[PDB]
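# Architecture and fold: a report
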Amino acid sequence: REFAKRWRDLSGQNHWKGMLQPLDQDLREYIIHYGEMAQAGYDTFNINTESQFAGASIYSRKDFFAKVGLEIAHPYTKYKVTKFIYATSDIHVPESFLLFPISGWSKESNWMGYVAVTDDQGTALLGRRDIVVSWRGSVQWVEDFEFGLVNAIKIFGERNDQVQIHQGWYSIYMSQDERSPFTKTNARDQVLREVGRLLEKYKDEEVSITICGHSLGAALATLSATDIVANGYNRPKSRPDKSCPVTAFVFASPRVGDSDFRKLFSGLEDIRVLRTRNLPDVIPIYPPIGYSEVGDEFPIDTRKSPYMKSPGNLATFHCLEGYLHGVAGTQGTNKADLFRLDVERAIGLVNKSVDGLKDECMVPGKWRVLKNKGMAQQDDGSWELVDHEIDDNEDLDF
Amino acid sequence: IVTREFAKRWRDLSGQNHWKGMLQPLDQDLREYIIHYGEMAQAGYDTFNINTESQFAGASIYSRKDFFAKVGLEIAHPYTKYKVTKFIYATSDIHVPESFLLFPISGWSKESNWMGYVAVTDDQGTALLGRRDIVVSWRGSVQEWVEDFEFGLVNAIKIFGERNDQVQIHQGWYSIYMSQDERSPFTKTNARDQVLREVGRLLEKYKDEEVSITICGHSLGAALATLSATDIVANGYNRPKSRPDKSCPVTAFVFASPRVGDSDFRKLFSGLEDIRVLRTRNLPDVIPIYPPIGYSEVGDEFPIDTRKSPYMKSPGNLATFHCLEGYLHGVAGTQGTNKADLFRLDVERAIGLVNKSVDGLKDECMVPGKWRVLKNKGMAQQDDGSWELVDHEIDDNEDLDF
């Protein structure tokens, strides 16, 4: 019952005052909960460029959280995924952001995240009907976050015509491919439309929007949240007087825009952003000049974990499961604060996509992989690469 | 299947007449027969844990129960109706390459490996294959240096008796076959005697039926298969204990075989009437030349040339010319090794199998390279939310009741 009673404070109503140093124990679990919904994006994203479905989702929407390990011992992850989101980019971006079959299912678009909503049981457990937008992040160079600023008037309107945004985040959020069934509408508007459907469906209940993302996903989650609140997409179409809170839990966030972006953000009453930042991770410094941060910061230091390989590197300091292990055991970032896991979070999760744990933990490095990389024996004895569950992504009946 | 082609021809398919008339060109039944036993050797690779970060590196992933279904040999394998009755473990008194004995970095054993299995047809398989077929499958080499195969000769009197005291065997094959570890529950008895005992149990169980022994192996497994077949026949272990006058045929289907012993080993082999060995040899694979000096080959040879496959990436390398699934692809489509013979698949064998442990197919085939792996490398969410490395099915390997 504790999360339901306190959810507005846990979602940042008072900017997490009193809840960060030391870390509030409910908030410790709350942050990990939304970080898991961002990691689920990595766990479904096909990164095998030898596959024709590289850059698509492995799993379909149906029973999605059960398929990525978020049902067992996750009594609060009672969400239904209602829509997958796809993105493209008019400019060239790193393969860590858009990755393609070495040939394919698409030449220019990737699966870029999903929209989900609590079912009736999850709504009871969380205190409110929670709409989650989870933006997929970076896959395995700090020069990848290399971008000049661009004017964002097409997002924030003539009334905010001085706002500028990183050209890469802008391009992934806003670009379309008229020839594509996936990105003929851009990632932005796919999200806005589906969030609008859910807000209208649940217009008579208490509702929240929580947006999740790591690395690239953190930038998109920050941009998405600011867009939604600034343009009033956190109101049901038929109830323009009912605003719902929009909170982003973001991890290892690069910066998103300039000082005018920060100014716009600072005037929005209904938005809150908690940026969890690992002190040895350098990606939150980029880009290193010209940009402003927005939101509240929560620092951790995974070098204090006795489970993590020392010294770490760019990958291990950045990786999202490393972050969530840091949240799980952080007792502060001062030299005297001693790391201690205060939730039952399996350390082995750290090694999904890195060699991050000490060898004595006995967990193989970079272990996440489909059985046989997806190759599967068929009923006629043939062997086919079955690394993609079919899902037309049609609107669900509601 | 309805005509029982294999049951009717099994003695010839198992080499009764040294495969005369069946190799050039390749007899169609024999094409499928060779692949059948090569799959039983490949099953040893498919269960062998090669992840040295695991405590169970060097052990079997799967248990004996429903073994062939677990390694993909049930669907569309109507003839693979075998029960695995015993796992076989080996050690070495001398240091050997990691491709032969592989150990955890840290572990379940410091000196032994899973080294193969013994299986037997069930009553349905016995009907389909024409006899009660006892299979010994020796596990082979894991992933490369041809010097890994270069050992000197040792006297093999402990195997073949003072009556054959001139026979010499490769020191490496001898050591893996014969070594024991007194402190190990796995190799306190050597791999040789584990196999002899279990084959003996099965011959005695089925003493009143028609029986065959077929021994399978690739690379290291091919050498052990050849050595164990010669041991078994030379020492009379192909007779049930209570019927010393009932010999059964011993046939070894081996793939990419290094040489095993010297000229006296070949002379011993030539005098055994009940043994047959068919060595399938890929011409661009250099391993069957090793060791190059001092050794003889035994048995009948069946050459193939996977360079003729339009499915295989060109040029190949040591690994792709040697790999067992490449060999079985070559068998599936060989029409001869002459320049003018054109490769053509004459069985429905999925080309994707080639890429289990190599990048062997042309990129146009759209099959990922080196694809064989457990889901999540065996990491598994448990019912209490913990995540544990579950890459080993428990099997105490106790004798089955028969």
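Residues numbered from 1 in each chain as written, not as in the entry; some residues may be left out. Chains lettered and ligands numbered in written order. Heavy atoms only, no water.

Formally: UniProt positions are given in the numbering used here, feature names are shortened, and annotations may be inferred rather than shown by experiment.
If you check the PDB entry, chain B appears there as Phospholipase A1-IIgamma from Arabidopsis thaliana. The deposited entry bears the title "Crystal structure of phospholipase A1, AtDSEL". UniProt, in the comment section headed Subcellular location, describes chain B in these words: "Cytoplasm". Turning to chain B, the UniProt annotation filed under Sequence similarities states: "Belongs to the AB hydrolase superfamily. Lipase family."

The name given to chain A in the PDB entry is Phospholipase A1-IIgamma, with the source organism recorded as Arabidopsis thaliana. One UniProt comment on chain A, placed under Subcellular location, says "Cytoplasm". What UniProt records for chain A under Sequence similarities is the sentence "Belongs to the AB hydrolase superfamily. Lipase family."

### A short note on the overall build of chain A
Put simply, the test is: In DSSP terms, a helix is any run of H or I states spanning at least four residues, a strand is any run of E spanning at least two, and both are numbered starting from the N terminus. For this measure, only C-alpha atoms enter the radius of gyration; the expected value for a globule follows 2.2 Å times N^0.38, where N is the number of residues. Whether a residue is buried, partly exposed or exposed follows from its accessible area with a 1.4 Å probe, protein chains only, as a fraction of its type maximum: under 20%, in between, or over 50%, in that order. Accessible surface is estimated by sampling points in the Shrake-Rupley manner with a 1.4 Å probe; for residues, cover comes only from the protein chains shown.
Scanning chain A for helices and strands turns up 11 helices and 11 strands. Its C-alpha radius of gyration of 20 Å places chain A within 12% of the 21 Å reference for a compact globule of 398 residues. Along the three orthogonal principal directions, the C-alpha set of chain A runs to about 60 × 55 × 45 Å. The buried share of chain A, reckoned over its 398 residues, is 59%. Within the structure as shown, chain A displays about 16600 Å² of accessible surface, and the carbon and sulfur contribution to it stands at 48%.

### A look at the overall build of chain B
Looking only at helices and strands, one finds 11 helices and 11 strands in chain B. In chain B, which comprises 402 residues, the proportion classed as buried is 59%. With the model as given, the accessible surface of chain B reaches about 16600 Å², and the carbon-plus-sulfur share is 48%.

### Points about the packing of aromatic side chains
Spelled out, the test is: A pair of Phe, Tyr and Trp rings is counted when the ring centres sit within 6.5 Å of each other, with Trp represented by its six-membered ring. The angle between the planes then sorts it: under 30 degrees is stacked, over 60 is edge-to-face, the rest tilted.
Under the counting rule described, the total for this entry stands at 45 aromatic pairs over all chains. With a centroid separation of 6.2 Å and 65 degrees between ring planes, the pair formed by B:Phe149 and B:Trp173 is classed as edge-to-face. Residue B:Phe149 is located in the loop between β3 (132–138) and β4 (153–155), and its partner B:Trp173 is located in helix α6 (residues 171–178); the two are separated by 24 residues in the primary sequence. Pairwise contacts between aromatic rings join A:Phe64, A:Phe65, A:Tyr79, A:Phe84, A:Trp111 and A:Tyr114 into one cluster.

### Observations regarding the interface of chain A and chain B
Under the convention used in this document: Contact criterion: two residues are considered in contact whenever any of their non-hydrogen atoms come within 4.5 Å of each other. Two parts placed together each lose some accessible area under a 1.4 Å probe, and adding up what both lose gives the buried area. Salt bridge, as used here, is a side-chain nitrogen of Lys or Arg placed within 4 Å of a carboxyl oxygen of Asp or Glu. Contacts described as polar in this section are N or O atom pairs within 3.5 Å, which, within protein, must combine one atom able to donate a hydrogen with one able to accept it, while residues neighboring in sequence count only if both atoms come from side chains.
Listed by partner, the interface residues are 32 residues for chain A and 33 residues for chain B. When chain A packs against chain B, the two sides together hide about 2800 Å² of surface, and 63% of this comes from carbon and sulfur. If you look at where chain A meets chain B, you find zero salt bridges. For the pair chain A and chain B, the interface holds 11 residue pairs in polar contact. Secondary structure elements with two or more residues in the side of chain A that touches chain B: β10 (375–377) and β11 (383–385) of chain A.

### Observations regarding helix α11 (residues 320–329) of chain A
Residues and elements named next belong to chain A. α11 sits mainly inside the fold: 10 of its 10 residues count as buried. Turning to α11, its buried residues are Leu 320, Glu 321, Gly 322, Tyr 323, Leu 324, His 325, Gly 326, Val 327, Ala 328 and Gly 329. For α11, the secondary structure elements touched by its buried residues are α2 (25–44), β6 (207–214), β7 (246–251), β8 (271–278), β9 (296–300) and α10 (314–318).

### Concerning a negative patch on the surface
What counts is decided by this rule: Patch building starts from residues that exceed 30% relative accessible area and form no salt bridge, then joins like charges within 9 Å and nonpolar side chains (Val, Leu, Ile, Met, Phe, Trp, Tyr) within 5 Å. Neither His nor the chain ends contribute to the count of charged residues, in which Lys and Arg are positive and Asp and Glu negative. The location of each charge is read from NZ of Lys, CZ of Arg, CG of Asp or CD of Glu.
On the surface, a cluster of negative charge is made up of A:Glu344, B:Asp383, B:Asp384 and B:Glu388. With respect to the helices and strands, A:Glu344 occurs in the loop between α11 and β10. When its relative accessible area of 79% is taken as the criterion, A:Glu344 is described as exposed.

### Points about the environment of A:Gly55
Residues and elements named next belong to chain A. Residue position: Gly 55 is located in the loop between α2 and α3 (64–67). For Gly 55 and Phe 45, which are 10 residues apart along the polypeptide, the C-alpha to C-alpha distance reads 6.4 Å. Setting aside residues up to four positions removed in sequence, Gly 55 forms contacts with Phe 45, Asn 46, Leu 99, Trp 105, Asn 110 and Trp 111.

### Here's the deal with the packing of helix α2 (residues 28–47) of chain B against helix α11 (residues 324–333) of chain B
All names here are of chain B. Defined as follows: Here an axis means a line fitted to C-alpha atoms, over the contact stretch when the element is a helix, while the angle between two N-to-C directions is reported on a 0 to 180 degree scale. Just so you know how the angles are binned, under 35 degrees is roughly parallel, over 145 roughly antiparallel, 65 to 115 roughly perpendicular, and the rest oblique. Three classes are used: nonpolar for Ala, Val, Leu, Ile, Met, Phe, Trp, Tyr, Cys and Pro, charged for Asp, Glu, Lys and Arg, and polar for all others, with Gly counted as polar.
Running from N to C, α2 and α11 point in directions that differ by 170 degrees, and their axes come no closer than 10 Å. Between α2 and α11, the angle falls in the class roughly antiparallel. Mapping the contact onto sequence places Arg 31, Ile 34, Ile 35, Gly 38, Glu 39, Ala 41, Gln 42 and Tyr 45 in α2 and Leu 324, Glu 325, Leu 328, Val 331, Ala 332 and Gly 333 in α11. The class makeup of the residues in the contact of α2 with α11 is eight nonpolar, three polar and three charged.

### Side note on the sheet that holds strand β1 (residues 79–87) of chain A
Residues and elements named next belong to chain A. Heads up, the rule is: At least two bridges found by DSSP between two strands is the condition for calling them paired.
With respect to topology, seven strands assemble into an open sheet ordered β1-β2-β3-β6-β7-β8-β9, the strand pairing being mixed. Edge positions in the sheet fall to β1 and β9, since each of these pairs with one other strand and no more. Looking at each pair of strands side by side, their axes are set apart by 20 degrees on average, direction ignored. Pairing geometry for β1 and strand β2 (residues 110–118), over eight bridges, is antiparallel. Each bridged residue has a counterpart across the sheet, and for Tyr 86 the counterpart in β2 is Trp 111. Of the strands in this sheet, β2, β3 (129–135), β6, β7 and β8 are in contact with helix α8 (residues 216–231), which crosses β6 at around 150 degrees. Against the sheet, α11 contacts β6, β7, β8 and β9, and its axis sits at roughly 95 degrees relative to β8.

### Some points on the environment of A:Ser89
All names here are of chain A. The topology assignment puts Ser 89 in the loop between β1 and β2. Once residues lying within four places of it in the same chain are set aside, the contact partners of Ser 89 are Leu 98, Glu 108, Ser 171, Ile 172 and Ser 175. Within polar-contact distance, the side chain of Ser 89 engages the backbone oxygen of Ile 91 at 2.7 Å. A polar atom in the side chain of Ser 89 sits 2.7 Å from the side chain of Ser 171.

### Considering the pattern of salt bridges
As a working rule, side chains carrying opposite charge can pair if their charged atoms are close by. Applying the stated criterion across every chain yields a total of 61 salt bridges over all chains. For the salt bridge of A:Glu297 with A:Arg275, the shortest nitrogen-to-oxygen distance reads 2.9 Å. One end of the pair, A:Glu297, is in strand β9; the other, A:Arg275, is in strand β8, and 22 residues separate them in sequence. Exposure remark for A:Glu297: the relative accessible area of 25% places this residue in the partly exposed category. Taking relative accessible area as the criterion, A:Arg275 reaches 10% and is therefore assigned buried. Of the charged contacts, one joins B:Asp399 and B:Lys86 as a salt bridge, the two residues approaching to 2.8 Å between their closest N and O atoms. Overall, the relative accessible area of 32% leaves B:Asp399 in the partly exposed class. Assessed through its relative accessible area of 16%, B:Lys86 is described here as buried.

### Some words on the UniProt feature "active site" in chain A
All names here are of chain A. Taking the numbering used here, the UniProt-annotated feature "active site" corresponds to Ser 215, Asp 281 and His 318. Spanning 104 residues, the named residues nonetheless gather at one spot, since no C-alpha pair among them exceeds 10.8 Å. Along the chain, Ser 215 falls in the loop between β6 and α8. Beyond its immediate sequence surroundings of up to four residues, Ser 215 is in contact with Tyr 42, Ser 138, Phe 145, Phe 251, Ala 252, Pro 254 and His 318. Mapped onto the elements, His 318 comes out in helix α10.

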